[PDB]
Amino acid sequence: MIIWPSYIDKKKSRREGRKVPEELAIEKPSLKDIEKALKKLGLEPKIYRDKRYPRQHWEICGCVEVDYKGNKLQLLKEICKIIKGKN
Amino acid sequence: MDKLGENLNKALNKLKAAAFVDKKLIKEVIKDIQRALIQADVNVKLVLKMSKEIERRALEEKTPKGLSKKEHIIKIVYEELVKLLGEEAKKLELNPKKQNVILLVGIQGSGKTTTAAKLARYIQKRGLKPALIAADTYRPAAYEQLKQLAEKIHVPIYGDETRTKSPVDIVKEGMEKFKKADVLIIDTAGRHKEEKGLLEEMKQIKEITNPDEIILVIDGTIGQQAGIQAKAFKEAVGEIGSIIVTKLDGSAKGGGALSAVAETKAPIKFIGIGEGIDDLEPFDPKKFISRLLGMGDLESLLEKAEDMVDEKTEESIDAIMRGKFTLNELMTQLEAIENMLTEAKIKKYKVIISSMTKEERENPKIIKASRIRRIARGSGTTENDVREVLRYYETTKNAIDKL
RNA sequence: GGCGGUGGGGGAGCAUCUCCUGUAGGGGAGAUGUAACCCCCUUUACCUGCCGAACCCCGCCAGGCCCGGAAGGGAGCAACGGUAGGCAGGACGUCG
C-alpha cells in the first residue's frame, strides 16, 4: 500500500486528505517519521521522495509504500501512536 | 421537460475528450440527442433535420476550427438546438405612453384565466399599472381563484356576477379603469375547446379595441399539437399575436410543444413553470437551454471563440498592432506554435497565461507573489515558469515601442 | 425628492468534525454549520443593466497538473455563471 503524508497531518483537514482523527495526527509528518514507524512494526517500507497527492498535486510530498494485507485505517492509527511518543 | 434535460445532457456528456472524435463519434450522440427530442415529443420531421445540420457542420467543415474539439460539437448542438426552440423575438413591447391593451385568448383547459392573473404580476414588476377585465363567463369557483389573486396583488378587475355580457362588460371597464391604467389585460377567451370558435368571439372584441398585442395561452401538456393552434392563430391575427405556453412542469411532452410553436413563425413571449406567480420568467431561448443542457451556458464562449478568426486578420491584426499587452502576446504565441521558443516552451507559456485574469493580462504589473503562486498552481507549472513568462513579456514590451 | 431592501422551511450541494472501507486516485455512513443551485410559504423588499474578491466565496471546470498500465478518478486556475457586496435607473414600501 501507499501512505501519503496527508493522511496524518494534524494541520491538513479531512477533505484535504486526513484519515486519522485530531488526537493522533502528528504535526508536520515526515517520511522519516513514517518509514521509521512501520519499521518498529515489522514492515519493510520504501520512500519515494518525489510523488504527489493529486489533492495537492502541486507539491512533492512523496509517499511511502509498504506491502501489508491488513486494514489501512488501523495501520494509520498504528503509525501515529508510535510517533507521538518519541523521546 | 426535465427528463429531456435529463436524457439529453447525457449526450453532451458522452463528449469528454478521451478518444478524440474520429469523425463518427458525433453520430453516436446525434441518434440519441434526437431521440431525447422525439421522446420529448418533438415533431419528428423537425428532429431529422436538426440531426442533419450537425452532420453538415460538424463532421464536415469541423475541425477544432474554433474553441477546440469536444467544445465545438457541444457548441454546434447548442447553437442549433436553440434555433429549434425559437429564433428570438421575446421582446414583449410595453406602453409607448401610459395606455396599452393586451388581449388574452386560449382554448378551455389551459391556464388562460390564471395566466391572466400571472401576466398582471409580470408587468407589475416591469414597472406598470395593469388592470384585468373578466370579459367572459366564469365558473362559481373561478371567482374563488382569480379575485383572490388580483388581491394577492394591487390589480383591480372588472367582473360580472349579477348580470353579464361581453362587448360592454368590456366597454365600461375600458372607458372606466383608465384613472391609473398603464396597461390593460383583457381576459376574454370564451370557454371554447376549439380554436375556430375561439377566433370568432375574438374579433367582435378586436373591433371595440385597437389591441397592441393578442396573446394565445396554449398548453405545454398539449404537446406538439400546440402548434396547429399557433398557425390558426397567426393566420388570423395581423402579426400582433404572441404565444404564451404554460404548464411546463405537468408533462413529459411540452418542450416538444414549443418547438411546434417555434416552427410557426408566431413568437413565444412567455412560458409556464409552476403555479405561483414567482416561477414565471419571459421566454428567451438561450436561457431555456442553459436550464436545459445544464452545464456552462451560452456566454461561456465569447473570449475563446471571439479572439479566433481566419488568422489572416488576426495574424495580421497584430501586424499594425505593436504596443504590448499580455493578451497580445498570447495572441502572438497563438501564431508561433502554429504557422511556425521551443515547442514545449510555446505551449507552456500559452498555458500559464491562459490562467491569469483579464485584469492581470491587461496591464500586468499587479502580479506578485500571492498571485504568481495561484496562476503557477492553477496551470500546473512552477512559480519559476510564470516568472519566465513575466520576464519574457516584460522584455518584449520594453522592446516593442515606436513606429 | 429623501430614505429602505424582509423573515423563514425542505432537500441537493458545499465547509469542518467523527466512523467504517479499498494493497493508489478512491468508497460508504453520519453529526453540525451554511448565503450560492431546486422548489414552496411570508413580505414592498422585487425588477433591467453594468460591476463584484485573483486565490484563502459558490458552481462550472477548457487547458495544464497530479494518482494510475489503463479504464478512471483527484485537486483546481482563467473563462463563464452565481453569492456576499456596489453603481445606476424603474417599481413597490415609507416619510418617522
Side-chain angles (χ1 to χ4, degrees), chain A residues 1-4 6-7 12-23 25 48 50-61 63 65-77, chain B residues 2 16-19 64 67-72 74-75 94 121-130 152-154 182 249 273-279 281-282 287 290-291 294-307 327 330 344 347-361 364 366-382 385-386:
Chain A
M1 32 175 91
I2 294 73
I3 272 127
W4 289 96
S6 317
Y7 289 165
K12 266 207 208 295
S13 90
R14 215 93 197 183
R15 226 275 70 82
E16 289 188 305
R18 194 162 80 236
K19 297 166 166 36
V20 304
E22 216 64 350
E23 308 318 54
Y48 290 101
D50 88 0
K51 276 252 144 275
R52 298 128 211 95
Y53 195 30
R55 294 189 209 162
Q56 286 103 190
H57 79 102
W58 59 85
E59 82 190 337
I60 25 147
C61 81
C63 59
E65 152 151 22
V66 240
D67 201 284
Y68 179 72
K69 278 148 221 70
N71 277 211
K72 219 204 160 164
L73 198 36
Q74 175 86 39
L75 187 53
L76 291 196
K77 285 173 190 196
Chain B
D2 286 48
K16 55 170 61 184
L67 24 295
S68 318
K69 203 322 141 322
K70 72 292 178 158
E71 299 196 312
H72 194 178
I74 280 285
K75 147 266 193 175
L94 277 172
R121 202 330 163 63
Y122 163 89
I123 297 194
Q124 209 182 46
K125 61 180 56 182
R126 219 71 190 180
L128 293 181
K129 280 75 147 157
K152 163 74 64 41
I153 33 194
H154 167 54
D182 289 41
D249 214 274
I273 293 91
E275 306 75 41
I277 312 67
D278 310 79
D279 257 302
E281 55 191 283
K287 294 175 175 191
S290 143
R291 259 174 174 296
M295 331 287 299
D297 55 321
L298 30 291
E299 207 125 57
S300 335
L301 302 156
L302 257 267
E303 195 156 358
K304 222 316 188 182
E306 271 277 54
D307 137 66
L327 305 150
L330 168 69
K347 136 100 128 205
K348 148 165 312 203
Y349 285 25
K350 192 189 139 296
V351 160
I352 298 190
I353 300 186
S354 184
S355 160
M356 316 180 151
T357 47
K358 306 174 300 170
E359 156 195 44
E360 280 164 348
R361 293 190 226 179
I366 75 195
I367 291 194
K368 292 306 198 165
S370 185
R371 283 192 190 261
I372 278 160
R373 149 163 149 282
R374 161 194 74 59
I375 276 158
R377 193 188 278 209
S379 55
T381 43
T382 45
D385 283 1
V386 32

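By convention in this document, chain letters (A, B, ...) are assigned in the order of the sequence lines, proteins followed by strands, and residues within each chain are numbered from 1. Every heavy atom of this structure was used, including side-chain atoms; hydrogens, water molecules and symmetry mates were not.
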At under 4.0 Å between heavy atoms, what does B/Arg371 touch on the DNA or RNA strands: base, sugar-phosphate, or nothing? base
If the condition is side chain to side chain donor-acceptor pair (under 3.5 Å), which residues does B/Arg126 pass it with, not counting sequence neighbours? B/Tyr122
Is B/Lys368 touching bases, backbone alone, or none of the nucleic acid, heavy atoms closer than 4.0 Å? nothing
Applying a 3.5 Å limit to both distances, which nucleotide forms a Watson-Crick or G-U wobble pair with C/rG96? none
Which is true for B/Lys350 with a 4.0 Å heavy-atom rule: it touches a base, it touches only sugar-phosphate, or it touches nothing? nothing
Could you tell me whether B/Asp297 contacts a base, only the sugar-phosphate backbone, or nothing, with contacts defined as non-hydrogen atoms closer than 4.0 Å? sugar-phosphate
Closest-nucleotide mapping onto RNA chain C: is A/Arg18 or B/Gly274 further toward the 5' terminus? I mean the 5' end. A/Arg18
If you measure from CD on A/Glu22 to CZ on A/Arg14, what distance do you get to the nearest 0.5 Å? 9.0 Å
Report which part of the nucleic acid B/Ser354 touches: base, sugar-phosphate, or nothing (heavy-atom distance under 4.0 Å, all strands). base
Is C/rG49 base-paired to C/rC87, counting Watson-Crick or G-U wobble with both distances below 3.5 Å? yes
Now, which nucleotide makes the Watson-Crick or G-U wobble pair with C/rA12, with each of the two distances under 3.5 Å? none
Distance between P atoms of C/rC19 and C/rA31 (Å, rounded): 16 Å
Between neighbours C/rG68 and C/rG69, do the six-membered base rings sit under 5.5 Å apart with planes under 30 degrees? no
Is C/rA75 syn or anti, taking syn as a glycosidic angle within 90° of 0? anti
Geometric stacking, C/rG22 and C/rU23, six-membered rings, under 5.5 angstrom and under 30 degrees: no
Is there a Watson-Crick or G-U wobble pair linking C/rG59 and C/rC80, both distances under 3.5 Å? yes
Write down the partner of C/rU18 under the Watson-Crick or G-U wobble criteria, each distance required to be under 3.5 Å. C/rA29
Under a 3.5 Å limit on both distances, the Watson-Crick or wobble mate of C/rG5 is none
Check: C/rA15 base within 3.5 Å donor-acceptor of A/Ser13 side chain: no
With a non-hydrogen cut-off below 4.0 angstrom, is B/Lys16 in contact with a base, only sugar-phosphate, or nothing? sugar-phosphate
Rounded off to whole Å, could you give me the CD1-to-P distance for the B/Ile153 and C/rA91 pair? 18 Å
Taking only the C1' atom of each, what is the distance from C/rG81 to C/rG5 in whole angstrom? 24 Å
Please state the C1' separation for the pair C/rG9 and C/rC39 - nearest whole angstrom. 11 Å
Determine the contact category for A/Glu16: base if any of its heavy atoms lies under 4.0 Å from a base atom, sugar-phosphate if only primed atoms, P, OP1 or OP2 are that close, otherwise nothing. nothing
OP1, OP2 of C/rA24 versus side-chain N and O of A/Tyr53: anything below 4.0 Å? no
Counting any heavy atom closer than 4.0 Å, what does A/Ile2 reach on the DNA or RNA strands: base, sugar-phosphate only, or nothing? sugar-phosphate
More than 12 non-hydrogen atoms from neighbouring residues, nucleotides or ligands closer than 6.0 Å to CD on A/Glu65, yes or no? yes
Assign A/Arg52 to base, sugar-phosphate, or nothing according to its heavy-atom contacts below 4.0 angstrom with the strands shown. sugar-phosphate
Between atom NZ in A/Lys12 and atom P in C/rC17, what is the gap in whole Å? 12 Å
Given the structure, check if the side chain of A/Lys72 and the base of C/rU23 hold any donor-acceptor pair shorter than 3.5 Å. no
OP1 or OP2 of C/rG26 less than 4.0 angstrom from a side-chain nitrogen or oxygen of A/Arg55, does that happen here? yes
Name the nucleic acid region contacted by B/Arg361, choosing base, sugar-phosphate or nothing; use a 4.0 angstrom heavy-atom cut-off, strictly under. sugar-phosphate
Hey, does the base of C/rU42 sit stacked on C/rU43, as in ring centres below 5.5 Å and plane angle below 30°? yes
Go through the N and O atoms of the side chain of B/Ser355 and the base of C/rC77, and report whether any donor-acceptor pair is under 3.5 Å. yes
Just call it for B/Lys348: base, sugar-phosphate, or nothing, with non-hydrogen atoms closer than 4.0 Å on any strand. nothing
With P as the reference atom in both, quote the distance from C/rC60 to C/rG86 in angstrom, rounded to an integer. 27 Å
Exam field: side chain B/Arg377 to backbone A/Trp58, donor-acceptor pair closer than 3.5 Å: no
Using a cut-off of 4.0 Å on non-hydrogen atoms, how would the nucleic acid contact of B/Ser290 be classed: base, sugar-phosphate, or nothing? nothing
Which part of the nucleic acid, if any, lies within contact of A/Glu22, taking any heavy atom under 4.0 Å across all strands shown: a base, the sugar-phosphate backbone alone, or nothing? sugar-phosphate
Hey, is the side chain of A/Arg15 pairing donor to acceptor with the base of C/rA15 inside 3.5 Å? no
A/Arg14 side-chain N/O to C/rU18 phosphate OP1/OP2 under 4.0 Å: yes
Going by heavy atoms in the side chains, are B/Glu71 and B/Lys304 under 4.5 Å from each other? no
First locate atom CE of A/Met1, then atom NZ of A/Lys69, and finally report the distance between them rounded to the nearest 0.5 Å. 9.0 Å
Rounding to the closest angstrom, what is the interatomic distance between C/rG10 and C/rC41 at atom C1'? 11 Å
B/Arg291/B/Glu281 ion pair, N-O < 4.0 Å: yes
Just by the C1'-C2'-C3'-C4' torsion, is C/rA15 north or south? north
Could you tell me how far C/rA75 sits from C/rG26 if I compare only their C1' atoms? Round to whole Å. 13 Å
Quick one: CZ on B/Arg121 to NZ on B/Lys125, what's the gap to the nearest 0.5 Å? 5.0 Å
Work out how far the P atom of C/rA54 is from that of C/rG28, and round it to whole angstrom. 36 Å
C/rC37 to C/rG33 separation - P atoms, rounded to the nearest Å: 22 Å
Please classify the nucleic acid contact of B/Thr357 as base, sugar-phosphate, or nothing, using heavy-atom distances under 4.0 Å. sugar-phosphate
As its Watson-Crick or G-U partner within any shown strand, both distances under 3.5 Å, C/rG69 has none
Nearest-nucleotide comparison on RNA chain C, the residue closer to the 5′ end among B/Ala17 and B/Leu128: B/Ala17
